[PDB]
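Notes for the one structure printed next.
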Amino acid sequence: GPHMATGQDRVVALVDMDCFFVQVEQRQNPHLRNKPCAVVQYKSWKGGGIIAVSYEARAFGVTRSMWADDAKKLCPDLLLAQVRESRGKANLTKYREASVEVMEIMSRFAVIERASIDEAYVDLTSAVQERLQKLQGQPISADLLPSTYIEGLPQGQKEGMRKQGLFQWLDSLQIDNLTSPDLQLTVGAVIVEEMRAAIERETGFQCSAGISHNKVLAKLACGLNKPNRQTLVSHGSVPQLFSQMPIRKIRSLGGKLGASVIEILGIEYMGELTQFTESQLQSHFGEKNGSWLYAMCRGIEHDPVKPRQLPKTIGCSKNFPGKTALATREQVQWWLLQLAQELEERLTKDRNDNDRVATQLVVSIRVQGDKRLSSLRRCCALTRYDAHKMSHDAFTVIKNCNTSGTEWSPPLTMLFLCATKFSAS
DNA sequence: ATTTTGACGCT
DNA sequence: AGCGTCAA
Ligand SMILES: Nc1ncnc2c1ncn2[C@H]1C[C@H](O)[C@@H](COP(=O)(O)NP(=O)(O)OP(=O)(O)O)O1
Ligand SMILES: [Mg+2]
Ligand SMILES: [Mg+2]
């Protein structure tokens, strides 16, 4: 009762851009706007591989990882934008720069955690407290929440349903209580409406958001009403929401760990986890995972929003599948140089922008026939931002993988260079 | 022969 | 450190 934590101490939002790379391309090229569209990498093999899909194209069944040639079978009028190629490889600079546009806007509202190229968490707890003081007990008009869904409501047209749910929620709020978690989430949603309006006004890009008490629930909430909408998941909404929620839908449970939860416990839904003691869950999944699951299935998580707006690593990667695998020393050295030149360009820009220098170079390769994605991943010192030195050092680190008694055997099917371990500069 | 990323955990 | 998991 009075000593049972409820995980309602923070207001956390997760903002995630809608079909992000597509919107970047649609801003640049108005002919792509409001069309079935996808972003592809490469072209010669099966029309290229799709990495982002507009909602209009998703209605035809087009998905990420599809070859463009097959997507065209589902959607004959599908429009395509190609990722830039530089030095023989896909180059993601346009999307990294568009991401910075969005992150810098979000950072005006609160400190952010950059969780991917297109999404960030924000801890709105302080901002909500401030806004609740500026409010002075006044009620919250539905007009301040024009794109907000309240998960679980209404209870007892889709825009009409959205407004019915919001009306039920607001009618039940105790606006007189500055410590009420539900009121805090509501003010958080007002702030997120403002943040999302600023992103769209200042970049042209639309996004969705989740508002809840922790990162996992905010991320889950965000996807409930994509695109171009935001969703509030209250603590009270958790039992019903989790009662039919597949375990794999919760962040970190979409892979082998989640599959093992399902198999070992004989359950399907997140809510079913409440029927195990913390010790039982720790016995199956480890101390850390077990405690995390015990709290998470009750809607409780403590993972903080970390104050980090910039990536911690800067990497360059290229696969050489099938016949294109690298079988000569000239080939390996040429491609290591291509990757190192892109890396040097990005590192020099990062140093000028962000007052830091990377100090370690990680080199990773895959050899043809290896079942693992990396046959070798080894580090060396990164002492100067020079592409020829970095590529020579990478070659020195990998050269003893060549079992050729000029030739490279087995052929290399992947090269990867990554700068890590930044220090102030 | 989806690829190109990038954070964090384990030992 | 090097390897693995998870997800964008
Ligand atoms: N497997 C992959 N390989 C390469 N790039 C990928 C990728 N998955 C995503 N990206 C890139 C391209 C994506 O645009 C971007 C963000 O990924 P999301 O937020 O997971 N998906 P999006 O924003 O497109 O649609 P939604 O409205 O459902 O959020 O990351
Ligand atoms: Mg997105
Ligand atoms: Mg995303």
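Scope of the values below: all heavy atoms of this structure, side chains included, with no hydrogens, waters or symmetry mates. Letters A, B, ... are given to chains in the order of the sequence lines, protein chains preceding strands, and every chain is numbered from 1.
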What's the closest nucleotide to the [X] side chain, out of [options]?
X         : options                : result
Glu119(A) : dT5(B), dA1(B), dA8(C) : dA8(C)
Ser317(A) : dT4(B), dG4(C), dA8(C) : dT4(B)
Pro321(A) : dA8(C), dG6(B), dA1(B) : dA1(B)
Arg372(A) : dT4(B), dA8(C), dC3(C) : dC3(C)
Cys379(A) : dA7(B), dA1(C), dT3(B) : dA1(C)
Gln360(A) : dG6(B), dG4(C), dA1(C) : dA1(C)

Within less than 4.0 Å of OP1 or OP2 of [N], is there a side-chain N or O belonging to [X]?
X         : N      : answer
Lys256(A) : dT5(C) : yes
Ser116(A) : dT5(B) : no
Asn319(A) : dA1(B) : no
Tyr42(A)  : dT4(B) : yes
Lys312(A) : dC8(B) : yes
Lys318(A) : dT4(B) : yes

Take the protein atom [atom1] of [X] and the nucleotide atom [atom2] of [N], then report the distance between them rounded to whole Å.
X         : N       : atom1 : atom2 : value
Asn289(A) : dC6(C)  : CG    : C1'   : 12 Å
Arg377(A) : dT11(B) : CZ    : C1'   : 17 Å
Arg64(A)  : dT4(B)  : CZ    : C1'   : 12 Å
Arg366(A) : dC3(C)  : CZ    : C1'   : 14 Å
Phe416(A) : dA7(B)  : CZ    : P     : 10 Å
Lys371(A) : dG4(C)  : NZ    : P     : 15 Å
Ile50(A)  : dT4(B)  : CD1   : P     : 16 Å
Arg251(A) : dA8(C)  : CZ    : P     : 9 Å

Next item on the list: Check the surroundings of atom NZ in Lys72(A): do more than 12 heavy atoms from other residues, nucleotides or ligands lie under 6.0 Å from it?
Entry: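 Result for NZ/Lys72(A): enclosed.
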
Q. For DNA chain B, whose closest nucleotide is more 5', that of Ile314(A) or that of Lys288(A)?
A.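 Per heavy-atom nearest nucleotide, the more 5' residue is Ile314(A).
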
Both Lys323(A) and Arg96(A) contact DNA chain B. Taking the nearest nucleotide for each, which residue is further toward the 5' end?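 Comparing both residues, the 5'-ward one is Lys323(A).
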
Scan [X] against the nucleic acid and name what it touches under 4.0 Å (heavy atoms): base, sugar-phosphate only, or nothing.
X         : result
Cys316(A) : sugar-phosphate
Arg308(A) : sugar-phosphate
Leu257(A) : sugar-phosphate
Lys306(A) : sugar-phosphate
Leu92(A)  : sugar-phosphate

Do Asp353(A) and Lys349(A) meet the salt-bridge criterion of a basic N to acidic O distance under 4.0 Å?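 Salt bridge present between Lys349(A) and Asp353(A).
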
| query | Between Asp303(A) and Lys215(A), does at least one N-O distance fall below 4.0 Å, as a salt bridge requires? | reply |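 The answer is yes: the pair qualifies as a salt bridge.
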
### Query
Taking atom NZ of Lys89(A) and atom CG of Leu415(A), what is their separation to the nearest 0.5 Å?
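Reported to 0.5 Å precision, the distance equals 11.0 Å.
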
**Asked** Is any side-chain heavy atom of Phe422(A) closer than 4.5 Å to a side-chain heavy atom of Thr359(A)?
**Response**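 A side-chain contact is absent here, since even the closest heavy-atom pair is not under 4.5 Å.
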
ask   = Centroid-to-centroid, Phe285(A) to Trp292(A), below 6.0 Å?
value =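 No, too far apart.
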
